[PDB]
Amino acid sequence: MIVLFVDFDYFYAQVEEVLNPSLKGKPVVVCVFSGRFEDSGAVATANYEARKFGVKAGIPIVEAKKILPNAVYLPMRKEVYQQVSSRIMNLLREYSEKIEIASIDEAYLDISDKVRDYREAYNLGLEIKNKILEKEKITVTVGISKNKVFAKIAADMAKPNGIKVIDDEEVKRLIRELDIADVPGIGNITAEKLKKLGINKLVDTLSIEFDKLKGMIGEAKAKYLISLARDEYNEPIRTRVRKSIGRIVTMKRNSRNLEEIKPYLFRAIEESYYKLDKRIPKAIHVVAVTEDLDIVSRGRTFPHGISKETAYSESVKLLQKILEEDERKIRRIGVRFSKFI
């Protein structure tokens, strides 16, 4: 099986450039302003010019500004980015029937049945990069290999505006040399539990006792890593159906005073429902992020779809179940809906 992965380059920042070309060349930083105070919030993403100087996703807007005080700072426009993405995705649907839309800027194409070797694949990759750059003037990076995991790793090494293939021989090379932390699905917390069992490479996972690994990272991660080490990872490019829609917002100030919180929670529901658009959820979860940034959540499932009026009522019941079973103040309150009919 041959996999072709497409990962839009610095997408949010790039889509902004596409709507205001004058931005090209200058460092652009797309922000998520929180509103607690002047320039509060974090950076959603920055084009490469900005990244060169330490301005990247996650860093507070404040700091980003100390580094590049004269950069173009723009407020995130998800809706807009979403629509461009949809279009770009529909372009990809013309290179394969089997397409997996991982995120707003990532899709996997099963091009086994469309090409035969990595040369023919690699060409289709360029044909794809072009079609997109033509129809939407957006640069992307393509990853090609035997499975989704290594396809993605290709793209990771190539971006931006790149394209790379990882043949069966190199997959084996990487199984030995690639830093296990640079494997899709292995975040910091898990990297540590590993880049700690002497497991700093994929291959290493085959030499340790299974149970030891399982006990540390979990049965699922353990099997995931093992299978990759053995070169038997072949997940199918399946269609992902969104399974939950929600919205969580930052309050002007921390609190555990029910009335004071109600407005924010209702705004979250309002927006949540607008986003649900026709989808009917039989499950609701009130999510709270405390002052010390921990996550607390209570939810209920109904044998029927939830009406917005119901959402409102039950949410308050859940927010109360939170306030009662926790004594920490709350900083962020939101809601999340699932189990669509």
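Only the largest set of C-alpha atoms that superpose within 1.5 Å between the two forms is called the rigid core. All residue numbers are counted from 1 along the displayed sequence.
S.K.: Line up the rigid core: which moves more in 8 other deposited structures of this protein, 150 to 158 or 251 to 259, by C-alpha RMS?
M.R.: Per-stretch check in 8 other deposited structures of this protein: the more divergent one is 251 to 259.
S.K.: Using RMS Cα distance over all structures and residues, flag whichever of 234 to 242 and 198 to 206 lies farther from this form in 8 other deposited structures of this protein after a core fit.
M.R.: It is 198 to 206 that deviates more in 8 other deposited structures of this protein.
S.K.: According to the deposited model, is the average Cα temperature factor higher in 152 to 160 or in 73 to 81?
M.R.: Averaged over C-alpha atoms, the B-factors run higher in 152 to 160.
S.K.: For the higher mean C-alpha B factor in the entry, choose 240 to 248 or 161 to 169.
M.R.: Mean C-alpha B-factor is greater for 161 to 169.
S.K.: Considering only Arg87, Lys146, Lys137, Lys214, which residue's Cα atom bears the greatest B-factor as recorded?
M.R.: By C-alpha B-factor in the record, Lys214 ranks first.
S.K.: Looking at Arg230, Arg116, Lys223, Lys262, which has the highest CA B-factor as recorded?
M.R.: When the deposited C-alpha B-factors of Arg230, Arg116, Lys223, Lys262 are compared, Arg116 is largest.
S.K.: Which third, lowest, middle or highest, does the C-alpha temperature factor of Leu318 belong to within its own chain?
M.R.: Middle third of the chain for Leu318's C-alpha B-factor.
S.K.: Taking the values exactly as deposited, rank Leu293 by C-alpha B-factor within its chain and report the matching third: lowest, middle or highest.
M.R.: Highest third of the chain for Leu293's C-alpha B-factor.
S.K.: So where's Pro184 on the chain's Cα temperature factor ranking, which third?
M.R.: Lowest third.
S.K.: Quick check for you: using the entry's CA B-factors within this chain, is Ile111 in the lowest, middle or highest third?
M.R.: Highest third - that is where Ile111 ends up once the chain's C-alpha B-factors are sorted.
S.K.: By the recorded C-alpha temperature factor, relative to the other modelled residues in its chain, which third is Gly35 in?
M.R.: Highest third, going by the recorded CA B-factors of the chain.
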